[PDB]
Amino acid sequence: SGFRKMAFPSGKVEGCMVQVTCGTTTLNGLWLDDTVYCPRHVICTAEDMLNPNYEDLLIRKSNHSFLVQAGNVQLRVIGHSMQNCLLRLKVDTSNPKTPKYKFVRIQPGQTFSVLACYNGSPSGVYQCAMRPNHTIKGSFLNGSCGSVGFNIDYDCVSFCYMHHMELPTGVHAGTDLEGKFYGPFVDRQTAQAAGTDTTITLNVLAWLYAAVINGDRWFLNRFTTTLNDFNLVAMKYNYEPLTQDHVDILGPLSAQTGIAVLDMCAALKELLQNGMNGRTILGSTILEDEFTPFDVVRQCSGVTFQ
């Protein structure tokens, strides 16, 4: 029993973190086989960052403009290219600790673990949700760029995020491991704001199913609702509309609890309209939206506390 925001064991990823220096800028890189991936703004000076032309900045560098350090071992750069907002540095050694891996671009609402690193050295692990507005609420200081987000399936690390910047509201933006940003953001120290955000309805619902699987039913009710009548309540409270696809995804959790999806939607509508009345759900006083249906099935027991 219990329910916590759980990150994946970070071991396979720790063995891939290195340090990349260029000029006076130092950040982290990701060392898979004979390539190190890192944000391209590593090549910027402080004044380059306000309006950089990376194509022009990069052609002014050679292989030995880049210092790559793996623990105490220096790695020699033997090639370099720009892929979108990343640099790919080819090195003379292939990482013996390279795990089975993929590069994946995640969808909004999905979760992943972040390994926060400084100077190529892991320092912390926590779980994040890609928000609807394509930011994450991370915890990043100076020197954190090149930290990666990932999921682990079996033995395969699915890298899905690399960190680049912090927005004025204190939230974070970055790219997939092909260098394409999530959201409309660019790696420039310009005026850039997060779009308005929304609550991830599919995740709130999945977490109510988690609460029932762990033996709590106090928030349920005798009513039901149509998809359309729920979405009028969703609009009022700044929740994403629920689609038939979301209902289908919640199918297995509905089967393990015997609570029909639209019956749970009626429960949520009631929670939104009436509040929680000083009570908690899985230890929380608010409706939690950073757990996917996959997160719930992963963490919860397959047997309901009936």
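Quick note: we count residues from 1 along the sequence shown, nothing fancier.
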TODO: For the higher mean C-alpha B factor in the entry, choose 88 to 96 or 157 to 165.
DONE: 88 to 96
TODO: Please work out which of 101 to 109 and 70 to 78 has the higher mean CA B-factor as recorded in the PDB entry.
DONE: 70 to 78
Open item on the list: Out of 36, 242, 49, 261, whose C-alpha atom has the biggest B factor in the entry?
Closed with: 49
Task: Candidate residues 180, 236, 172, 131, the one whose C-alpha B factor the record puts highest - done: 236
Task: Chain thirds of CA B-factor: placement of residue 29 - done: lowest
Open item on the list: Can you tell me whether residue 8 has a C-alpha B-factor in the lowest, middle or highest third compared with the other modelled residues of the same chain?
Closed with: lowest
- [ ] Could you say whether, by C-alpha temperature factor, residue 44 belongs to the lowest, middle or highest third of its chain?
- [x] highest
TODO: Ordered by C-alpha B-factor within the chain, which third holds residue 207? Give me lowest, middle or highest, please.
DONE: lowest
- [ ] Using the B-factors in the PDB entry, rank residue 282's C-alpha atom against the chain and give the third, lowest, middle or highest.
- [x] middle
